[PDB]
Amino acid sequence: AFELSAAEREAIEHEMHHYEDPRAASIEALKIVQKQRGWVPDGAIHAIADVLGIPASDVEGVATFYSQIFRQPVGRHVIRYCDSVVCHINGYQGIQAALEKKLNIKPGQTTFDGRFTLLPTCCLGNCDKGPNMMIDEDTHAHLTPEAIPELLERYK
Amino acid sequence: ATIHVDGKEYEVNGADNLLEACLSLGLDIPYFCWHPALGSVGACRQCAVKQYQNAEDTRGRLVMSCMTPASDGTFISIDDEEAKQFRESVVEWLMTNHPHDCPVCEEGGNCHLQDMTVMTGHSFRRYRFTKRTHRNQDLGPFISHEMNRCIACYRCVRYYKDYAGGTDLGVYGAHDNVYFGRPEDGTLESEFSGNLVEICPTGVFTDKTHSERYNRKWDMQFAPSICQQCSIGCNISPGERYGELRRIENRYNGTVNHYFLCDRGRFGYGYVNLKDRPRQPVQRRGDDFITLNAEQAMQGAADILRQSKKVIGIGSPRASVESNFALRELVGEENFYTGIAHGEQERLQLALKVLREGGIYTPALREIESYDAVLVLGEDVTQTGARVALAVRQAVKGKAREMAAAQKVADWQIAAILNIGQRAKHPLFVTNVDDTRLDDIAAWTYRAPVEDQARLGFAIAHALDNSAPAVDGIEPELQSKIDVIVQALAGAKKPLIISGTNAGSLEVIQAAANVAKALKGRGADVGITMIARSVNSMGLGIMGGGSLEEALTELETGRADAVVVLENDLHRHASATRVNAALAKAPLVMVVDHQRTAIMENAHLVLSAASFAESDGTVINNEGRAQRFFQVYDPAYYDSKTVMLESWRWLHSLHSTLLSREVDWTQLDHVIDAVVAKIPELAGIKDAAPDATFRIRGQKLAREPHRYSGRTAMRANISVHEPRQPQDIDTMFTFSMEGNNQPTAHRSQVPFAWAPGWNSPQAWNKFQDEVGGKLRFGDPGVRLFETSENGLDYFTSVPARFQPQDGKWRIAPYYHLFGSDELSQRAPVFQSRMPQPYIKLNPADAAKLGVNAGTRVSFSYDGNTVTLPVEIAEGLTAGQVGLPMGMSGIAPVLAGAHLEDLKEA
Amino acid sequence: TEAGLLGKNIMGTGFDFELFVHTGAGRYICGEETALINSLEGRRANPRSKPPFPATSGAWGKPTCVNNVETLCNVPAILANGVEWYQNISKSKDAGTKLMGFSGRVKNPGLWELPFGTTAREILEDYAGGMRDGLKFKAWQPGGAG
Ligand SMILES: Cc1cc2nc3c(=O)[nH]c(=O)nc-3n(C[C@H](O)[C@H](O)[C@H](O)COP(=O)(O)O)c2cc1C
Ligand code: SF4
Ligand code: SF4
Ligand code: SF4
Ligand code: FES
Ligand code: FES
Ligand SMILES: [Ca+2]
């Protein structure tokens, strides 16, 4: 089963205060559940639907529309490397090969111990410092393939 | 307006978009995402034409005709080379990921995508890469799901969510992995989910009941018929094959049910295909059951009926007008009884008096969608009259339509209309004993007993007009909500009052009549709508007769020694013990019916009547519109031993053999003339459809498509010699393809929509005067009565407040769309869909009984202790007990009756 | 808000204005203004057909104007230094300044505020510093990926 905690419900209600329609807090409610649990499980869709007063089909459509709302379980840290055009020119392929060799997984998959999940992302808005890669809260720029193992070690 | 298409000048409506304007003129533009009832969203990008700025423009610009208004002096080109190339490109793009599935796809030969792939002239595949695939969901017993075939046109979600008001079907995903369906495996929860099989232009949503016994559309024998499952009278196209009813398609009627049925009507036809139906006349002899043919049955029944001192007839609201009239002619007017209870008949007659003597216009089903405020009193419409609930949803969305029309936004630009009208809606006030399915859009819902709902109606009527009787003992908060309803109804330009005979209260109907009269007295353009129970409840009420209890007394006192029961199981309208005692006492029972009922064990003779698929006739819907349904197939064509005649034909030949000792298998039009001569109130059934001599330039109307196949091998297992084509003398249709089904044929009764190039249900566009409007040369069916010149008086009989007394439980009726209609219950696909019978209890009443949710309780009604598991109903009021009307053992006559000795089992 | 520049009765005028920050969920199509309106309402960010424009019926059907960060940052300079000052920044048909800059395999990739009419070779060979060592300039996109 699934049950929203008190803190999640309070945060969702406070976000509902900011809009004249409670539907407008669906993205932020999904992000609140994702912050507290790493991803949005199946019962969370119906829980958020019950809190907001909108159908669960609408919440599921929002949850599967946006890339940064995870509807499948992830690891403890989400590696998100930029694969867009400026980082392609700056050579993100070395970064992706280094991450694949270090983690022994394909993009979109998770390691055996659930430590890292590898994901390509869109442009991170840091094209003048590319190639960039956003781990859970921190964006790392000016990346080189030899600096990947020293950067992944600090994320236990 | 004036538009110039390909150098030719046309006059079109300026409020229309270019696609529907050009389709109305007969110009072929491919389209996927647009639907006449859903509006325009511009998703599929298939309707592209080239719009020029003026007459001397050469470059032009590719526009979407569904999103482009048909303004005055608009120059476009459909058959321009760039527009044709773009439309072919869009078809090719849809074809890149489409599966290689047409032989094993239920929409093959019926697919709008097939028709538009051929129409754009795209037949050469130059895409060589992998096709995206999808996994299907289980959507329940009715709708099969195959997401590979989706072209991402958003018709399903737009219909199901914006139009139908469902909540469990959305679009999930992204860029080209868009998925349509439910968030999880489960049954689609809408009562109108079955319209997805015609809304979807591909084979994603298909009729699973048709899929289990599948045949293509060209192999179907269709007929125009009327849905027999409730009182609304939606036009259907039943199609058969190999002697069994295969599918119910929607039949367009711009007045009644335009593009949409409900799921009861679409999926509750399976009782016709049951193997325990009577197929020959059966006469009992001691313990034996001798099978007779037609003439032997008529002679034997005529002899025994001639020897009997008085024969009485028990009609039914399931039977047609002709069959009830034929029974009335057989037994006499004074010996004819409507086979419904006295209270049911009293409510039906009061509803009739309100409709045809109240001086207030009763709207058609499509006209309901144009009203500015709705008050529903006592009628759980979604479970009894579901199409009216869909129409009410459209009338509620009318406020967003009006707000968008104030800002010069076109009425077809539906996304902008819904954006402007965010959550604003026209007022809806529903009253029921519990929660309805309309509560998600109702401005207010009143959960109360039928006495309290009637009192609320009388209070609304008094607050609208002080000449109406007042209600004493109204709580201040309830009075404030009364004032809210009064302010909403008084400010409305077109208020609508919907009641019916399903609440089980005469006073609810009286209160609705009082509200409608008070709104009429203020000058409002008010309409009233009564919802009856069965397909021909209104017709049986118009014809009239005694109640079932009177006939039971006649049989029990010995005054009647012969009874003819017509299409009536008799347990839904009276207690089964009393019916069994009266029928076992009577020395002659003759049952004319098409379903194996329980009273056939007491019958001396059983005449195998025809159902609606094997009979012709007329039924009167809840608004008083006479509608003719035509025979779909001859039952004797595949099985030569089957003697399954019309009920009116059986009864008319019985009357002839009783009088003159000769058998007369009459014609349908003779019975129609007899009805309009003997009963002047039913004189409008003559014009419901033309007679059997009607021809379109000399030829009849075809029941089956021109490409009907297997004509020399469908009966080849029985005999290699082809039999005769079945002669239809009753009607103007023929049992072959040797007939007329042109869209431009001067007729109203259309068996199926087909035009060259248009094989899907989008072929109805060619059969209408303008698309989404009336059927060309008028919709079939005529109103029996006009609006009266003067109205009724105020009903001063205000009921008292409901008082719960100990040891007496008022039965609150809970109707179910799947399970409260008898023949629908007989359909085997509804067994997996109908809920288990739960008895509804208040939390306080169950706490007083000590009963929890799920413990089986027993109650005694008519000396019969029956046990049901308890479901806790919060919205039910204390002292009431909720029962599923119509289901196994619980008759609809129990609605409003008291209950005794409700203990834990 | 603490200084009284936001909220109710801003600087004694009586104009009430409340400002919120809505963090997105990572989809590129949300940058389209009608799709931005749809995503602000908590829907799938499908863009909307025009007409009607957002100025007539935008967010929740109300009048709604969507502007970029840089446009709303250009506004206060116009309101503080006047109109003719803004028109007299550059002698071009596009008034005011613009955040320009080159990125990708150049010596100094970055962002600089330059008047309109500045040539791209000027930016590349003066602010970006040209291409790096052993690199021959082949092509360039002026305004991003699209
Ligand atoms: C696909 C697409 C993506 C867009 N992304 C952005 C964006 O990320 N940021 C932005 O300011 N405008 C974006 N726009 C432009 C907006 O539609 C709109 O012009 C702008 O946000 C506000 O207009 P303004 O330039 O007058 O301020 C995008 C447009 C399209 C078609
Ligand atoms: S949906 Fe239409 S085109 Fe697709 S497989 Fe079925 S019949 Fe063929
Ligand atoms: S499932 Fe059918 S109706 Fe829905 S978007 Fe796909 S093709 Fe259109
Ligand atoms: S609303 Fe009534 S008449 Fe219409 S399809 Fe449903 S059951 Fe049949
Ligand atoms: S292209 Fe990678 S940060 Fe912009
Ligand atoms: S029919 Fe016009 S774009 Fe779909
Ligand atoms: Ca016939």
# chains A, B, ... in the order shown; residues from 1 in each chain; ligands from 1
call {"tool": "residues_near_ligand", "arguments": {"ligand": "ligand 5", "cutoff": "12 Å", "atoms": "only C-alpha atoms and all ligand atoms", "output": "PyMOL selection string"}}
result
(chain A and resi 80-92+120-134+139-143) or (chain C and resi 103-104+144-145)
call {"tool": "write_last_selection", "arguments": {"atoms": "N, CA and C atoms", "output": "tab-separated table (two decimals), in the first residue's frame"}}
result
chain	number	residue	atom	x	y	z
A	80	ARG	N	23.11	12.43	-14.42
A	80	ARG	CA	22.43	12.97	-15.59
A	80	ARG	C	23.46	13.74	-16.41
A	81	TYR	N	23.94	13.13	-17.48
A	81	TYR	CA	24.94	13.76	-18.32
A	81	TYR	C	24.26	14.44	-19.50
A	82	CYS	N	24.75	15.63	-19.85
A	82	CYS	CA	24.19	16.35	-20.98
A	82	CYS	C	24.68	15.74	-22.29
A	83	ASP	N	23.75	15.39	-23.17
A	83	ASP	CA	24.09	14.84	-24.47
A	83	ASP	C	23.69	15.77	-25.61
A	84	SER	N	23.50	17.06	-25.32
A	84	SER	CA	23.03	18.00	-26.33
A	84	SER	C	24.21	18.45	-27.19
A	85	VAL	N	23.96	19.46	-28.03
A	85	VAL	CA	24.81	19.69	-29.20
A	85	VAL	C	26.14	20.32	-28.80
A	86	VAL	N	26.14	21.27	-27.87
A	86	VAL	CA	27.39	21.92	-27.48
A	86	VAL	C	28.26	20.96	-26.69
A	87	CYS	N	27.66	20.15	-25.83
A	87	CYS	CA	28.42	19.11	-25.14
A	87	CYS	C	28.82	17.98	-26.08
A	88	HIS	N	28.09	17.78	-27.18
A	88	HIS	CA	28.55	16.86	-28.22
A	88	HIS	C	29.81	17.38	-28.89
A	89	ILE	N	29.84	18.68	-29.19
A	89	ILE	CA	31.03	19.30	-29.77
A	89	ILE	C	32.18	19.25	-28.78
A	90	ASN	N	31.90	19.49	-27.50
A	90	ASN	CA	32.91	19.40	-26.46
A	90	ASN	C	33.22	17.96	-26.06
A	91	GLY	N	32.58	16.98	-26.69
A	91	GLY	CA	32.94	15.59	-26.48
A	91	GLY	C	32.38	14.96	-25.22
A	92	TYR	N	31.05	14.84	-25.13
A	92	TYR	CA	30.46	14.08	-24.04
A	92	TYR	C	30.59	12.58	-24.24
A	120	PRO	N	20.95	10.13	-19.75
A	120	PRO	CA	21.18	11.35	-20.53
A	120	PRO	C	20.07	12.34	-20.26
A	121	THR	N	20.44	13.61	-20.23
A	121	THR	CA	19.47	14.68	-20.05
A	121	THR	C	19.60	15.67	-21.19
A	122	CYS	N	18.70	16.65	-21.21
A	122	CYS	CA	18.74	17.69	-22.23
A	122	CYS	C	19.84	18.69	-21.87
A	123	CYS	N	19.86	19.83	-22.56
A	123	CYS	CA	20.86	20.85	-22.29
A	123	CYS	C	20.68	21.42	-20.89
A	124	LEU	N	21.78	21.51	-20.15
A	124	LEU	CA	21.76	21.95	-18.76
A	124	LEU	C	21.93	23.45	-18.62
A	125	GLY	N	21.95	24.19	-19.73
A	125	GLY	CA	22.12	25.62	-19.65
A	125	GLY	C	23.51	26.05	-19.24
A	126	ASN	N	24.50	25.20	-19.44
A	126	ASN	CA	25.89	25.46	-19.09
A	126	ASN	C	26.78	25.11	-20.26
A	127	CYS	N	26.39	25.57	-21.44
A	127	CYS	CA	27.03	25.15	-22.68
A	127	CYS	C	28.42	25.76	-22.84
A	128	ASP	N	28.65	26.94	-22.27
A	128	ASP	CA	29.97	27.56	-22.34
A	128	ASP	C	30.98	26.87	-21.43
A	129	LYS	N	30.54	25.95	-20.57
A	129	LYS	CA	31.42	25.21	-19.68
A	129	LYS	C	31.34	23.71	-19.91
A	130	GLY	N	30.89	23.29	-21.09
A	130	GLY	CA	30.64	21.89	-21.36
A	130	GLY	C	31.90	21.06	-21.47
A	131	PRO	N	31.75	19.72	-21.40
A	131	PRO	CA	30.51	18.99	-21.14
A	131	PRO	C	30.11	19.00	-19.67
A	132	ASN	N	28.81	19.10	-19.42
A	132	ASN	CA	28.27	19.21	-18.08
A	132	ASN	C	27.55	17.92	-17.70
A	133	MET	N	27.36	17.74	-16.40
A	133	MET	CA	26.67	16.56	-15.89
A	133	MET	C	26.10	16.92	-14.53
A	134	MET	N	24.81	16.68	-14.34
A	134	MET	CA	24.13	17.06	-13.11
A	134	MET	C	23.88	15.81	-12.28
A	139	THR	N	25.74	20.47	-10.40
A	139	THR	CA	26.16	20.43	-11.79
A	139	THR	C	27.68	20.53	-11.86
A	140	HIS	N	28.30	19.61	-12.60
A	140	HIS	CA	29.74	19.56	-12.75
A	140	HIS	C	30.08	19.84	-14.20
A	141	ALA	N	30.98	20.80	-14.41
A	141	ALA	CA	31.33	21.30	-15.72
A	141	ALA	C	32.81	21.09	-15.98
A	142	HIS	N	33.22	21.39	-17.23
A	142	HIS	CA	34.60	21.22	-17.70
A	142	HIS	C	35.09	19.79	-17.49
A	143	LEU	N	34.22	18.83	-17.79
A	143	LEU	CA	34.49	17.44	-17.46
A	143	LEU	C	35.48	16.81	-18.43
C	103	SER	N	29.96	29.90	-28.29
C	103	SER	CA	30.29	28.73	-27.49
C	103	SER	C	30.71	27.58	-28.39
C	104	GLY	N	31.59	26.73	-27.88
C	104	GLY	CA	31.99	25.53	-28.58
C	104	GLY	C	33.30	25.65	-29.32
C	144	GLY	N	21.21	29.20	-31.17
C	144	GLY	CA	20.91	27.97	-30.47
C	144	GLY	C	20.59	26.83	-31.41
C	145	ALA	N	20.04	25.77	-30.82
C	145	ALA	CA	19.82	24.52	-31.54
C	145	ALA	C	18.74	24.63	-32.61
call {"tool": "residues_near_ligand", "arguments": {"ligand": "ligand 3", "cutoff": "12 Å", "atoms": "only C-alpha atoms and all ligand atoms", "output": "ChimeraX atom specification"}}
result
/B:31-35,38,43-44,94,98,107,111-113,134,136-137,143-161,169-172,176-182,195-206
call {"tool": "write_last_selection", "arguments": {"atoms": "C-alpha atoms", "output": "PDB file, in the first residue's frame"}}
result
ATOM      1  CA  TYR B  31      -9.499  13.741 -41.330  1.00  0.00           C
ATOM      2  CA  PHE B  32      -8.663  11.855 -38.167  1.00  0.00           C
ATOM      3  CA  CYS B  33      -8.674  13.988 -35.015  1.00  0.00           C
ATOM      4  CA  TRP B  34     -11.842  15.938 -35.819  1.00  0.00           C
ATOM      5  CA  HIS B  35     -15.271  14.625 -34.880  1.00  0.00           C
ATOM      6  CA  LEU B  38     -16.098  16.750 -30.168  1.00  0.00           C
ATOM      7  CA  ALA B  43      -3.859  17.331 -33.768  1.00  0.00           C
ATOM      8  CA  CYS B  44      -3.581  14.797 -36.593  1.00  0.00           C
ATOM      9  CA  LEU B  94       0.898   7.333 -39.577  1.00  0.00           C
ATOM     10  CA  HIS B  98       1.333   0.893 -37.855  1.00  0.00           C
ATOM     11  CA  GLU B 107     -11.803  -2.945 -37.495  1.00  0.00           C
ATOM     12  CA  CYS B 111     -11.521   1.242 -40.372  1.00  0.00           C
ATOM     13  CA  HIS B 112     -11.360   4.973 -40.969  1.00  0.00           C
ATOM     14  CA  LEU B 113      -7.578   4.701 -41.212  1.00  0.00           C
ATOM     15  CA  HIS B 134       3.100  -1.289 -27.241  1.00  0.00           C
ATOM     16  CA  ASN B 136      -2.112  -3.770 -24.286  1.00  0.00           C
ATOM     17  CA  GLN B 137      -4.266  -3.347 -21.205  1.00  0.00           C
ATOM     18  CA  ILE B 143     -13.697  -3.017 -24.840  1.00  0.00           C
ATOM     19  CA  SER B 144     -10.640  -4.755 -26.232  1.00  0.00           C
ATOM     20  CA  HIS B 145      -7.405  -2.766 -26.244  1.00  0.00           C
ATOM     21  CA  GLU B 146      -4.729  -2.952 -28.956  1.00  0.00           C
ATOM     22  CA  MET B 147      -2.426   0.060 -28.643  1.00  0.00           C
ATOM     23  CA  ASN B 148      -0.200  -0.865 -31.608  1.00  0.00           C
ATOM     24  CA  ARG B 149      -2.849   0.419 -33.999  1.00  0.00           C
ATOM     25  CA  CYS B 150      -2.999   3.907 -32.477  1.00  0.00           C
ATOM     26  CA  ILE B 151      -2.384   6.963 -34.636  1.00  0.00           C
ATOM     27  CA  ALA B 152      -2.338   9.337 -31.621  1.00  0.00           C
ATOM     28  CA  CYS B 153      -5.366  11.341 -32.706  1.00  0.00           C
ATOM     29  CA  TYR B 154      -6.706  12.051 -29.171  1.00  0.00           C
ATOM     30  CA  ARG B 155     -10.325  11.263 -30.068  1.00  0.00           C
ATOM     31  CA  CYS B 156     -10.644   8.723 -27.264  1.00  0.00           C
ATOM     32  CA  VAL B 157      -9.448  11.011 -24.496  1.00  0.00           C
ATOM     33  CA  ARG B 158     -11.401  13.985 -25.847  1.00  0.00           C
ATOM     34  CA  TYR B 159     -14.638  11.987 -25.993  1.00  0.00           C
ATOM     35  CA  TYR B 160     -14.166  10.014 -22.764  1.00  0.00           C
ATOM     36  CA  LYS B 161     -12.936  12.942 -20.666  1.00  0.00           C
ATOM     37  CA  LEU B 169      -8.808   7.121 -19.528  1.00  0.00           C
ATOM     38  CA  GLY B 170      -5.980   9.487 -20.374  1.00  0.00           C
ATOM     39  CA  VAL B 171      -2.931  10.005 -22.543  1.00  0.00           C
ATOM     40  CA  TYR B 172       0.394   9.097 -20.937  1.00  0.00           C
ATOM     41  CA  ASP B 176       6.014   9.417 -30.033  1.00  0.00           C
ATOM     42  CA  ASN B 177       5.567   6.911 -27.194  1.00  0.00           C
ATOM     43  CA  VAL B 178       2.148   8.396 -26.426  1.00  0.00           C
ATOM     44  CA  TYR B 179      -0.113   5.789 -24.876  1.00  0.00           C
ATOM     45  CA  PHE B 180      -3.881   5.933 -24.473  1.00  0.00           C
ATOM     46  CA  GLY B 181      -5.760   4.036 -21.827  1.00  0.00           C
ATOM     47  CA  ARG B 182      -6.156   3.605 -18.161  1.00  0.00           C
ATOM     48  CA  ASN B 195     -18.770   4.543 -27.849  1.00  0.00           C
ATOM     49  CA  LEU B 196     -14.962   4.294 -28.040  1.00  0.00           C
ATOM     50  CA  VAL B 197     -15.354   1.471 -30.573  1.00  0.00           C
ATOM     51  CA  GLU B 198     -16.763   4.048 -33.008  1.00  0.00           C
ATOM     52  CA  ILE B 199     -14.920   7.152 -31.799  1.00  0.00           C
ATOM     53  CA  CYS B 200     -11.537   5.484 -32.331  1.00  0.00           C
ATOM     54  CA  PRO B 201     -10.710   5.584 -36.070  1.00  0.00           C
ATOM     55  CA  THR B 202      -8.466   2.507 -35.753  1.00  0.00           C
ATOM     56  CA  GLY B 203      -8.616  -0.900 -34.112  1.00  0.00           C
ATOM     57  CA  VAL B 204      -7.346   0.162 -30.693  1.00  0.00           C
ATOM     58  CA  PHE B 205     -10.735   0.004 -28.967  1.00  0.00           C
ATOM     59  CA  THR B 206     -12.856  -2.830 -30.331  1.00  0.00           C
TER      60      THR B 206
END
call {"tool": "residues_near_ligand", "arguments": {"ligand": "ligand 7", "cutoff": "8 Å", "atoms": "only C-alpha atoms and all ligand atoms", "output": "PyMOL selection string"}}
result
chain B and resi 614-616+630-631+634+645-646+668+728-731
call {"tool": "atom_distance", "arguments": {"atom1": "CA of residue 444 in chain B", "atom2": "CA of residue 814 in chain B"}}
result
19.6 Å
call {"tool": "residues_around", "arguments": {"residues": "residue 5 in chain A", "least_positions_apart": "4", "cutoff": "10 Å", "atoms": "only C-alpha atoms", "output": "MDAnalysis selection string"}}
result
chainID A and resid 9:10 33 36
call {"tool": "write_last_selection", "arguments": {"atoms": "N, CA and C atoms", "output": "mmCIF file, in the first residue's frame"}}
result
data_model
loop_
_atom_site.group_PDB
_atom_site.id
_atom_site.type_symbol
_atom_site.label_atom_id
_atom_site.label_comp_id
_atom_site.auth_asym_id
_atom_site.auth_seq_id
_atom_site.Cartn_x
_atom_site.Cartn_y
_atom_site.Cartn_z
ATOM 1 N N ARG A 9 1.913 15.965 2.657
ATOM 2 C CA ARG A 9 0.584 16.545 2.499
ATOM 3 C C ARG A 9 0.585 18.034 2.816
ATOM 4 N N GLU A 10 1.328 18.441 3.850
ATOM 5 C CA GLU A 10 1.428 19.860 4.182
ATOM 6 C C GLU A 10 2.109 20.647 3.070
ATOM 7 N N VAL A 33 6.823 14.226 -3.661
ATOM 8 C CA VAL A 33 6.875 12.783 -3.437
ATOM 9 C C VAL A 33 8.200 12.213 -3.934
ATOM 10 N N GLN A 36 10.978 13.039 -1.463
ATOM 11 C CA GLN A 36 10.925 12.251 -0.241
ATOM 12 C C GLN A 36 11.204 10.770 -0.461
#
call {"tool": "interface_residues", "arguments": {"of": "chain C", "to": "chain A", "cutoff": "7 Å", "atoms": "only C-alpha atoms", "output": "VMD selection string"}}
result
chain C and resid 25 to 27 40 to 44 103 to 105 109 to 110
call {"tool": "interface_residues", "arguments": {"of": "chain B", "to": "chain C", "cutoff": "9 Å", "atoms": "only C-alpha atoms", "output": "number ranges by chain"}}
result
B: 41-42, 67, 172, 407, 409, 415-416, 418-422
call {"tool": "write_last_selection", "arguments": {"atoms": "N, CA, C and O atoms", "output": "PDB file, in the first residue's frame"}}
result
ATOM      1  N   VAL B  41      -9.468  20.267 -32.699  1.00  0.00           N
ATOM      2  CA  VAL B  41      -8.253  20.495 -31.929  1.00  0.00           C
ATOM      3  C   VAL B  41      -7.011  20.621 -32.796  1.00  0.00           C
ATOM      4  O   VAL B  41      -5.988  21.123 -32.307  1.00  0.00           O
ATOM      5  N   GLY B  42      -7.049  20.192 -34.052  1.00  0.00           N
ATOM      6  CA  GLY B  42      -5.902  20.317 -34.930  1.00  0.00           C
ATOM      7  C   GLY B  42      -4.716  19.440 -34.593  1.00  0.00           C
ATOM      8  O   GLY B  42      -3.571  19.868 -34.762  1.00  0.00           O
ATOM      9  N   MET B  67      -9.527  23.716 -38.360  1.00  0.00           N
ATOM     10  CA  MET B  67      -9.233  24.869 -37.523  1.00  0.00           C
ATOM     11  C   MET B  67      -9.453  26.195 -38.233  1.00  0.00           C
ATOM     12  O   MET B  67      -9.226  27.246 -37.633  1.00  0.00           O
ATOM     13  N   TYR B 172      -0.803   9.167 -21.752  1.00  0.00           N
ATOM     14  CA  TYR B 172       0.394   9.097 -20.937  1.00  0.00           C
ATOM     15  C   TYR B 172       1.597   8.976 -21.847  1.00  0.00           C
ATOM     16  O   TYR B 172       1.515   8.402 -22.926  1.00  0.00           O
ATOM     17  N   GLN B 407     -16.636  35.969 -26.181  1.00  0.00           N
ATOM     18  CA  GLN B 407     -15.322  36.485 -26.544  1.00  0.00           C
ATOM     19  C   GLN B 407     -14.972  36.242 -28.008  1.00  0.00           C
ATOM     20  O   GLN B 407     -13.785  36.212 -28.350  1.00  0.00           O
ATOM     21  N   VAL B 409     -15.068  33.611 -29.868  1.00  0.00           N
ATOM     22  CA  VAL B 409     -14.395  32.346 -30.130  1.00  0.00           C
ATOM     23  C   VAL B 409     -15.397  31.411 -30.788  1.00  0.00           C
ATOM     24  O   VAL B 409     -16.539  31.295 -30.330  1.00  0.00           O
ATOM     25  N   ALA B 415     -10.863  23.529 -27.605  1.00  0.00           N
ATOM     26  CA  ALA B 415      -9.809  23.721 -26.613  1.00  0.00           C
ATOM     27  C   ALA B 415      -9.843  25.128 -26.027  1.00  0.00           C
ATOM     28  O   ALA B 415      -9.681  25.303 -24.815  1.00  0.00           O
ATOM     29  N   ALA B 416     -10.080  26.136 -26.867  1.00  0.00           N
ATOM     30  CA  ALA B 416     -10.216  27.499 -26.368  1.00  0.00           C
ATOM     31  C   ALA B 416     -11.474  27.669 -25.530  1.00  0.00           C
ATOM     32  O   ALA B 416     -11.469  28.433 -24.559  1.00  0.00           O
ATOM     33  N   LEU B 418     -12.840  25.319 -23.625  1.00  0.00           N
ATOM     34  CA  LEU B 418     -12.569  24.721 -22.323  1.00  0.00           C
ATOM     35  C   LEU B 418     -11.541  25.523 -21.541  1.00  0.00           C
ATOM     36  O   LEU B 418     -11.549  25.495 -20.306  1.00  0.00           O
ATOM     37  N   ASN B 419     -10.648  26.231 -22.234  1.00  0.00           N
ATOM     38  CA  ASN B 419      -9.703  27.105 -21.551  1.00  0.00           C
ATOM     39  C   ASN B 419     -10.411  28.304 -20.933  1.00  0.00           C
ATOM     40  O   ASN B 419     -10.126  28.683 -19.792  1.00  0.00           O
ATOM     41  N   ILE B 420     -11.323  28.926 -21.682  1.00  0.00           N
ATOM     42  CA  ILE B 420     -12.063  30.073 -21.165  1.00  0.00           C
ATOM     43  C   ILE B 420     -12.986  29.646 -20.030  1.00  0.00           C
ATOM     44  O   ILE B 420     -12.994  30.251 -18.953  1.00  0.00           O
ATOM     45  N   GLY B 421     -13.767  28.595 -20.250  1.00  0.00           N
ATOM     46  CA  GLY B 421     -14.588  28.018 -19.206  1.00  0.00           C
ATOM     47  C   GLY B 421     -13.843  26.992 -18.382  1.00  0.00           C
ATOM     48  O   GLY B 421     -13.988  25.792 -18.625  1.00  0.00           O
ATOM     49  N   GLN B 422     -13.020  27.446 -17.435  1.00  0.00           N
ATOM     50  CA  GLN B 422     -12.163  26.559 -16.656  1.00  0.00           C
ATOM     51  C   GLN B 422     -12.948  25.535 -15.851  1.00  0.00           C
ATOM     52  O   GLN B 422     -12.897  24.336 -16.139  1.00  0.00           O
TER      53      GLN B 422
END
call {"tool": "residues_near_ligand", "arguments": {"ligand": "ligand 1", "cutoff": "12 Å", "atoms": "only C-alpha atoms and all ligand atoms", "output": "number ranges by chain"}}
result
A: 122-125; C: 24, 26-37, 45-48, 50, 53-54, 64-75, 143-146
call {"tool": "decode", "arguments": {"residues": "range 3-8 of chain A", "atoms": "N, CA and C atoms", "output": "short mmCIF file (atom, residue, chain, number, x, y, z; two decimals), in the first residue's frame"}}
result
data_model
loop_
_atom_site.label_atom_id
_atom_site.label_comp_id
_atom_site.auth_asym_id
_atom_site.auth_seq_id
_atom_site.Cartn_x
_atom_site.Cartn_y
_atom_site.Cartn_z
N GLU A 3 0.87 5.51 1.41
CA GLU A 3 0.26 6.51 2.28
C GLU A 3 1.16 7.73 2.33
N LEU A 4 0.60 8.89 2.01
CA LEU A 4 1.36 10.13 2.11
C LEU A 4 1.64 10.47 3.57
N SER A 5 2.85 10.93 3.84
CA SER A 5 3.18 11.39 5.18
C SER A 5 2.58 12.77 5.42
N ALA A 6 2.67 13.22 6.68
CA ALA A 6 2.12 14.52 7.04
C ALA A 6 2.89 15.65 6.37
N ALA A 7 4.22 15.53 6.30
CA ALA A 7 5.04 16.58 5.70
C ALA A 7 4.76 16.73 4.21
N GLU A 8 4.60 15.61 3.50
CA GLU A 8 4.27 15.67 2.08
C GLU A 8 2.92 16.33 1.86
#
